[PDB]
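Chemist: Handing you this structure, nothing more for now.
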Ligand SMILES: CC(C)CCC[C@@H](C)CCC[C@@H](C)CCC[C@@H](C)CCOC[C@@H](CO)OCC[C@H](C)CCC[C@H](C)CCC[C@H](C)CCCC(C)C
Ligand SMILES: CC(C)CCC[C@@H](C)CCC[C@@H](C)CCC[C@@H](C)CCOC[C@@H](CO)OCC[C@H](C)CCC[C@H](C)CCC[C@H](C)CCCC(C)C
Ligand SMILES: CC(C)CCC[C@@H](C)CCC[C@@H](C)CCC[C@@H](C)CCOC[C@@H](CO)OCC[C@H](C)CCC[C@H](C)CCC[C@H](C)CCCC(C)C
Ligand SMILES: *C/C=C(C)/C=C/C=C(C)/C=C/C1=C(C)CCCC1(C)C
Ligand SMILES: *C/C=C(C)/C=C/C=C(C)/C=C/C1=C(C)CCCC1(C)C
Ligand SMILES: *C/C=C(C)/C=C/C=C(C)/C=C/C1=C(C)CCCC1(C)C
Ligand SMILES: CCCCCCCCCCCCCCC
Ligand SMILES: CCCCCCCCCCCCCCC
Ligand SMILES: CCCCCCCCCCCCCCC
Ligand SMILES: CCCCCCCCCCCCCCC
Ligand SMILES: CCCCCCCCCCCCCCC
Ligand SMILES: CCCCCCCCCCCCCCC
Ligand SMILES: CCCCCCCCCCCCCC
Ligand SMILES: CCCCCCCCCCCCCC
Ligand SMILES: CCCCCCCCCCCCC
Ligand SMILES: CCCCCCCCCCCCC
Ligand SMILES: CCCCCCCCCCCCC
Ligand SMILES: CCCCCCCCCCC
Ligand SMILES: CCCCCCCCCCC
Ligand SMILES: CCCCCCCCCCC
Ligand SMILES: CCCCCCCCCC
Ligand SMILES: CCCCCCCCCC
Ligand SMILES: CCCCCCCCCC
Ligand SMILES: CCCCCCCCC
Ligand SMILES: CCCCCCCCC
Ligand SMILES: CCCCCCCCC
Ligand SMILES: CCCCCCCC
Ligand SMILES: CCCCCCCC
Ligand SMILES: CCCCCCCC
Ligand SMILES: CCCCCCCC
Ligand SMILES: CCCCCCCC
Ligand SMILES: CCCCCCCC
Ligand SMILES: CCCCCCCC
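Protein chains in written order, with UniProt numbering: chain A, 17 to 247; chain B, 17 to 247; chain C, 17 to 247.
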């Protein structure tokens, strides 16, 4: 484990995702509202999945070597197995908050799968220049997601209860800022141009992951928007 | 790329799926009917997924070598990753058109997963004679799907609006004819008996894919069956 | 095939899953109740999936070698591909029986995916002591599932029709007893401590699989709880 300088950030990430999972699990014990139960189930699964994948990276299972640039490059593939399941769950939290229609939910989840799937292909591609073709396709899929979150959901939240509109607006802004950083870290990190070393890259993804999952969840599960209007 | 004679058909397929995706995306911009939005989302995702997998084959990522018959045989595995997601989406288009019940939808999607999954196992199997055992199981799963589309959905469409009944009947006939060709191309192509060479096999799958996805989508999204009855 | 002593139990399992699939398929022909159709579709898919994965193990495709303990250990990875899809389908049978809320269904299916996913990682892990870390995480996920089936569903079934309450109680008890045996067989078998040899381990999993899928299905599909109350 300790033979890799980035191990400290993988261990911290593992701990923070595990602690986040347990807090949400305990906090959700005393909840019977069927609407609130939906948000607790979605939001608790997110850091639980991330916990297992951070642990796999810490123990060395989620790491492979990819030859490109005449070098064997360490690629943590477990990140994409994490994101494949956690990013659509996070979008479902937002879509259920605004009572989005089914067709829009399917478009979001499908574009998200394309985003993560093409990012994985780009991470494992051995022809250096082709890695950035996949990065560009994946980034186009992300821009579609961000467009929908702004010019489809925002207008839908305003016609909703005030507390669900204000909570959505906050979580929307958090998501757009944090998610946009991921393609940048990829491009300048060891998967892309190799400007930033792997140990610093790992620290950046850990800050982003914890903020986008545990920070996101703390804002959502403390809001009254997750409960139905009741007397 | 150009070192493979089949590259021209992979490049054409990539272009036609990309163009198809963009047309459906633009055409769906001016749509607010929640029913129509469902069909546009399903139908636009189909060629978008196929685009990415054709590109992976063009660039050489979606290709592996499988030893059988005393030879290293080029097997494009990316086809099955495509079909795993696009064939159930196409069946969902048909099932939603006739307002099929949930139990029937699950049976269709499950049989479809078995069809594609066993076809993938057959494509990667190293014992030559066993490849055709998997082909037979996969073909049995397809025949179940075709039976349901005829002796379960057809009777359901007649009790529906006339425009949804006539549109379903057309898309049903297109699907049964085109899908039935796939097991035949597999059997006589490089995955099976090896009668037809890979470059011709690739041309045939490209014609079938574009017809079953973009041609299918053009018929559906030009129909009024996708809109609810409104004044 | 016959070069492996466990082949006899893989062949028996294949036959019993295939026969089970055909019986459920025939029995479900004469069913039009939309509620009953749901249970028949879920319950017939379970042994059909298991059939294909037992066949892959029989023919040698679903087997790999994992080095640990200074030895190349035969690991049947196809079991986890089976369980990944069949265990959530079995939980869906139970959840639909008691009309569970959506949030609870998602929590069950998500915990089940974590259970199977971490068990697969543990089966393929090359550092011997780490294999049991994954076993423990997977077992914690199972205990969560069992808790929900007892202290969330049981109370919900009592407020239901008497026949659905008594049928659920029976299937609940069958599930908790049979599922609990799996982590024990893993721990003492070739994936874990290696006390029980592989051929005996394979026999035990076959008895458990057939009971948990075909036996489970025979109890459910003979009950009147799967039909709506009708005159
Ligand atoms: C509606 C939305 C959900 C739609 C989703 C969008 C999606 C279509 C976007 C594209 C996804 C696609 C790129 C997934 C590729 C997975 C692949 C990286 C797995 C590893 O295989 C890659 C190479 C080794 O580098 O295999 C070496 C050769 C091996 C012999 C490969 C044989 C196994 C194949 C991988 C079998 C295909 C399985 C499916 C891809 C499983 C789904 C994986 C997940 C990442 C989507
Ligand atoms: C309700 C419906 C959706 C049900 C679906 C029906 C489905 C059950 C039908 C059978 C599907 C099954 C054959 C999928 C097999 C995937 C497999 C080809 C992936 C590549 O692995 C094959 C060998 C190399 O040749 O791995 C070499 C050895 C490696 C060490 C393998 C270890 C990884 C395992 C593959 C882990 C299992 C992952 C799941 C199979 C992922 C789903 C893939 C998709 C193709 C279903
Ligand atoms: C809501 C719920 C459904 C959530 C589900 C819970 C889930 C997150 C729990 C953890 C699942 C995770 C451990 C799955 C790992 C699959 C992995 C074993 C496949 C084989 O790859 C392992 C190594 C060889 O030993 O690959 C060698 C290196 C290769 C180069 C690997 C590159 C391919 C990657 C495997 C791509 C990721 C694909 C996804 C993991 C596909 C889903 C598989 C299924 C088992 C979940
Ligand atoms: C909890 C994890 C989250 C919210 C991860 C989000 C990840 C992304 C938005 C990743 C995007 C990428 C691109 C847009 C292209 C480059 C490759 C990716 C996958 C890093
Ligand atoms: C857009 C792609 C489509 C509609 C693909 C359809 C593919 C099939 C219907 C494939 C069927 C197969 C068999 C029936 C057995 C032989 C292997 C397959 C997977 C080619
Ligand atoms: C039809 C198959 C069924 C119902 C299989 C159930 C399997 C389990 C409940 C497996 C559980 C495991 C653990 C709890 C940890 C050890 C590894 C597993 C996956 C065997
Ligand atoms: C979206 C965030 C990207 C900003 C990356 C900042 C990295 C600064 C760290 C110093 C770079 C290390 C280079 C010298 C080793
Ligand atoms: C009462 C609110 C705080 C509860 C404690 C939460 C502990 C989980 C770890 C959170 C750290 C990361 C927060 C986002 C920066
Ligand atoms: C379902 C369509 C299958 C028909 C295949 C027709 C192939 C004819 C092309 C000529 C065969 C090439 C053999 C000589 C190289
Ligand atoms: C107005 C209808 C035609 C629009 C142009 C569609 C261009 C997408 C490519 C379609 C070619 C394949 C059609 C099926 C044979
Ligand atoms: C949950 C069931 C686990 C019980 C396992 C009993 C196995 C007894 C078979 C004899 C053990 C073989 C050891 C000598 C070869
Ligand atoms: C009339 C009920 C029996 C029908 C025959 C079922 C045959 C399928 C194989 C069942 C054997 C396994 C039963 C569970 C132990
Ligand atoms: C194995 C991959 C299957 C999933 C394909 C994605 C489409 C799923 C459609 C689900 C239809 C709704 C069923 C109720
Ligand atoms: C990782 C594979 C999980 C999918 C298994 C297929 C069954 C899914 C059941 C979904 C139940 C409906 C939830 C609302
Ligand atoms: C185009 C939709 C408007 C909202 C999206 C904001 C774009 C942020 C740019 C992200 C940069 C990634 C490289
Ligand atoms: C048996 C259901 C009737 C409709 C299915 C038509 C069968 C077409 C044969 C396809 C040939 C594939 C080898
Ligand atoms: C803790 C929830 C109560 C019901 C679960 C029964 C636990 C059975 C123990 C299984 C042993 C697996 C190692
Ligand atoms: C080795 C660098 C080659 C540059 C390729 C950049 C491709 C980016 C595509 C974005 C449209
Ligand atoms: C090398 C050819 C061996 C023939 C096997 C055919 C199997 C087909 C099974 C269809 C029932
Ligand atoms: C080689 C045996 C090492 C023992 C590790 C046991 C780990 C079990 C963790 C359960 C909390
Ligand atoms: C609940 C605390 C979980 C912390 C265990 C993971 C941290 C790795 C320490 C080496
Ligand atoms: C929108 C046009 C997309 C065409 C790019 C793919 C074709 C491959 C050319 C080499
Ligand atoms: C319907 C009977 C299915 C039996 C075939 C599988 C058994 C393997 C025999 C070698
Ligand atoms: C993106 C930063 C999240 C901050 C988490 C703190 C929330 C406390 C209510
Ligand atoms: C299967 C052939 C499809 C033909 C596509 C043309 C549709 C234009 C309306
Ligand atoms: C767990 C044992 C199941 C027994 C199956 C027999 C059911 C006949 C109704
Ligand atoms: C009005 C809410 C502002 C939230 C933005 C937070 C950016 C990290
Ligand atoms: C909408 C604000 C985008 C912020 C992008 C930050 C990328 C590091
Ligand atoms: C009555 C519609 C006929 C459609 C069949 C088209 C076959 C390619
Ligand atoms: C229902 C007509 C089937 C046509 C099969 C064509 C196979 C090449
Ligand atoms: C295995 C075939 C079953 C025969 C019919 C059983 C009575 C519905
Ligand atoms: C009251 C029903 C008892 C069922 C338990 C069966 C254990 C195999
Ligand atoms: C609730 C009874 C548990 C039985 C466990 C059996 C494990 C072999």
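All C-beta atoms, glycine included, are put in the ideal place defined by N, C-alpha and C.
Give the C-beta separation of residue 199/B and residue 155/B to the nearest angstrom, bearing in mind that I take them to be a contact with Cβ-Cβ under 8 Å.
Modeler: So it is a contact: roughly 5 Å between Cβ atoms.
Chemist: For residue 72/A, decide whether its Cβ has a neighbour in chain C, counting only Cβ atoms nearer than 8 Å.
Modeler: Yes, residue 72/A lies at the interface with chain C (some Cβ there is under 8 Å from its Cβ).
Chemist: May I have the straight-line CA-CA distance separating residue 157/C from residue 128/C, to the nearest angstrom?
Modeler: Approximately 7 Å between the Cα atoms of the pair.
Chemist: So, using beta-carbon positions, are residue 109/A and residue 69/A closer together than 8 Å?
Modeler: Result no, Cβ atoms of residue 109/A and residue 69/A do not sit closer than 8 Å.
Chemist: Any C-beta of chain A within less than 8 Å: which residues of the segment 103-121 of chain C qualify?
Modeler: Here the close residues are 117, 118, 119 and 120.
Chemist: Name the residues in the segment 223-234 of chain B whose C-beta lies less than 8 Å from a C-beta of chain C; which are they?
Modeler: Those residues of the segment 223-234 of chain B that come within reach of chain C (Cβ to Cβ, closer than 8 Å) do not exist; the list is empty.
Chemist: Beta-carbon of residue 199/A versus every beta-carbon of chain C: anything under 8 Å?
Modeler: By this cut-off, residue 199/A is not an interface position.
Chemist: Could you tell me which residues DSSP puts in a beta bridge with residue 80/B?
Modeler: Answer is 91/B, bridged to residue 80/B.
Chemist: Helix, strand or coil, according to DSSP, for residue 188/A in the structure here?
Modeler: Residue 188/A falls in the helix class under three-state DSSP.
Chemist: Going along the segment 126-141 of chain B in order, which residues come within less than 9 Å of chain C, judged by CB to CB distance?
Modeler: So the close ones are 126, 127, 129, 130, 133, 134, 137, 140 and 141.
Chemist: Anyone know if the C-beta pair for residue 77/B and residue 149/A falls short of 8 Å?
Modeler: The answer is no: Cβ separation not under 8 Å.
Chemist: Would you say residue 200/C touches ligand 32, meaning its beta carbon is less than 7 Å from a heavy atom?
Modeler: No; taking the cut-off as 7 Å, the Cβ of residue 200/C has no heavy atom of ligand 32 nearer than that.
Chemist: Whose CA, out of 113/C, 54/C, 207/C and 73/C, lies closest to the CA of residue 170/C?
Modeler: It is 113/C whose Cα lies nearest to the Cα of residue 170/C.
Chemist: Exposed or buried, what is residue 45/B when buried is set at 16 or more other beta-carbons lying within 10 Å of its beta-carbon?
Modeler: That one is exposed.
Chemist: By the 8 Å beta-carbon criterion, what residues does the segment 151-163 of chain C contribute toward chain D?
Modeler: In summary, chain D is missing from the structure at hand, where the protein chains are A, B and C.
Chemist: Mind checking whether residue 117/B and residue 172/C have CB atoms under 8 Å apart?
Modeler: The answer is no: Cβ separation not under 8 Å.
Chemist: Among 209/B, 103/B and 82/B, whose alpha-carbon lies nearest the alpha-carbon of residue 196/B?
Modeler: Comparing Cα positions, the closest option is 103/B.
Chemist: Verify whether the separation of the beta carbon atoms of residue 67/B and residue 242/B is less than 8 Å.
Modeler: Cβ distance not < 8 Å, so residue 67/B and residue 242/B don't count as in contact.
Chemist: Thinking residue 189/B and residue 21/B are a contact (beta carbons under 8 Å), I'd like their distance in whole angstroms, please.
Modeler: The pair is not a contact, with the Cβ atoms about 34 Å apart (cut-off 8 Å).
Chemist: Would you mind reading off the limits of the alpha helix (DSSP H) that contains residue 50/C?
Modeler: Run containing residue 50/C: 50-74, per the alpha helix (DSSP H) assignment.
Chemist: Residue 64/C and residue 37/C - do their beta-carbons sit closer together than 8 Å?
Modeler: Yes. Within cutoff.
Chemist: Where are the alpha helix (DSSP H) runs, 4 residues long or more, that stay fully inside the segment 125-187 of chain C, in chain order?
Modeler: Counting whole runs of 4 or more residues, the segment 125-187 of chain C contains the alpha helix (DSSP H) stretches 144-166 and 170-174.
Chemist: Contact check, residue 229/B vs residue 62/B under 8 Å by CB: the rounded distance?
Modeler: About 5 Å separates the two Cβ atoms, so the contact holds.
Chemist: Any heavy atom of ligand 28 closer than 7 Å to the Cβ of residue 193/A?
Modeler: It does: the Cβ of residue 193/A is within 7 Å (strictly closer) of some heavy atom of ligand 28.
Chemist: So is residue 144/A in contact with chain B if we call contact Cβ pairs under 8 Å?
Modeler: It does not; no Cβ of chain B falls within 8 Å.
Chemist: Buried or exposed: which applies to residue 92/B, given that a residue is buried once 16 or more other Cβ atoms fall within 10 Å of its Cβ?
Modeler: Buried: at least 16 other Cβ atoms inside 10 Å.
Chemist: Under 7 Å between beta-carbons, which chain B residues line up against residue 30/C? List them in chain order, please.
Modeler: Per Cβ cutoff of 7 Å: no residues; residue 30/C is ~12 Å from chain B at best.
Chemist: Could you check if residue 139/A is buried or exposed, using at least 16 other CB atoms within 10 Å of its CB as the buried criterion?
Modeler: Classification for residue 139/A: buried.
Chemist: I want to see whether chain B comes within less than 8 Å of residue 123/A, judged by CB atoms only; does it?
Modeler: At least one chain B Cβ lies under 8 Å of residue 123/A.
Chemist: Could you check whether the Cβ of residue 10/B sits closer than 7 Å to any heavy atom belonging to ligand 5?
Modeler: Chain B is shown from 17 up to 247; residue 10/B falls before or after that span and cannot be answered.
Chemist: What separation, rounded to the nearest whole angstrom, lies between the Cα atoms of residue 115/A and residue 245/B?
Modeler: Those two C-alpha atoms are separated by around 23 Å.
Chemist: In the DSSP assignment, the alpha helix (DSSP H) including residue 209/B goes from what residue to what residue?
Modeler: Element bounds for residue 209/B: n/a, residue is neither H nor E.
Chemist: Could you tell me the distance, in whole angstroms, from the CA atom of residue 74/B to the CA atom of residue 26/B?
Modeler: Approximately 5 Å, taken between the alpha carbons.
Chemist: Kindly indicate which three-state DSSP category residue 243/B falls into: helix, strand or coil?
Modeler: In this structure, residue 243/B counts as coil in the three-state DSSP scheme.
Chemist: List, in chain order, every chain C residue whose beta-carbon is nearer than 7 Å to that of residue 246/A.
Modeler: Here the premise fails: no neighbours, minimum Cβ distance about 16 Å.
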